[PDB]
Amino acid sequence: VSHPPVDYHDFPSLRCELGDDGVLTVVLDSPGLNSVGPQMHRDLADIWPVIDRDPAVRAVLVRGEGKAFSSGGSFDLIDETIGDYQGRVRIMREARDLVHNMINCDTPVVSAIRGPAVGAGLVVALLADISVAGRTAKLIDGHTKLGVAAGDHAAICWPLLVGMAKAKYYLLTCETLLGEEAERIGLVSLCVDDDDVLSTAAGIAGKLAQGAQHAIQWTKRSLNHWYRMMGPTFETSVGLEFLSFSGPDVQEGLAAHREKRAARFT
């Protein structure tokens, strides 16, 4: 069966390096603590079906360049959502397809969370199969502090990671969750010293690419039915988030981020 070839030239915002072991390193590298621009929002969403169709890739290691995973959506990305209907629908489709595609990717994914992981970056960090978080890594969903509903991933997984009591606490109040406490409540797989996050994650991803592929992938896919069965709930939250982008709270929350202040909502 003839299948089309794979090259990642089509995802320009992401650096992708394939190793001898079969581990694909996907690096989020962009100004402002790896902030997700309009292009990287699409690239992150659409890359996963291509990786899963890649015969050379047996595992994926996702990380941010430098001392940060990703600081979330950029100001231009939030501006376009607020200002343009057709742009908002495009961005909304990408946010939906990011979660759906990571979940429907049978290939194992390991995340190396050092430093902040926010919004669209935290989606990739936590929906990875195995997540390695540093002790002082700041994990912030951040939506309600911005003034919109938390609809980019958390409604599909967080109760099944930490329990409803911890999920509601951090998602409604956006109190910062450090990496050491995140492992304790069950949000991430492992917590190591900050200097050991990438080495620990790299080692995990290496052994997965050298293991039994059908065993690892089919076990992962079966477990992913748990998230898949919460699809309608997630898409309910997605729609609620993008409805709220047309509201008055976000314009205050967006101005609050641009002025480095707390949002005073009314």
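Heads up: residue numbers just count along the shown sequence, starting at 1.
>> Mean CA temperature factor from the deposited coordinates, higher in 16 to 24 or in 243 to 251?
In response: If you average the C-alpha B-factors of 243 to 251 and of 16 to 24, the larger mean comes out for 16 to 24.
> Which has higher Cα B-factors on average according to the PDB entry: 169 to 177 or 192 to 200?
Replying inline: Stretch with the higher mean C-alpha B-factor: 192 to 200.
> Per the PDB entry, which option out of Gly83, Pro159, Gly186, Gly142 has the greatest Cα B factor?
Replying inline: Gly83 has the highest C-alpha B-factor of those listed.
> Relative to the other modelled residues in the chain, which third contains the C-alpha temperature factor of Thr236: lowest, middle or highest?
Replying inline: Lowest third of the chain for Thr236's C-alpha B-factor.
> Going by the entry, which third of its chain does the Cα temperature factor of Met229 land in?
Replying inline: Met229: CA B-factor falls in the lowest third of its chain.
>> Test of reading the entry: by CA B factor among the chain's modelled residues, which third contains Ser71?
In response: Highest third.
> If you rank the chain by CA B-factor, which third does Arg96 end up in: lowest, middle or highest?
Replying inline: Bottom third by C-alpha B-factor.
> Should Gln210 be placed in the lowest, middle or highest third of its chain by the C-alpha B factor in the entry?
Replying inline: Top third by C-alpha B-factor.
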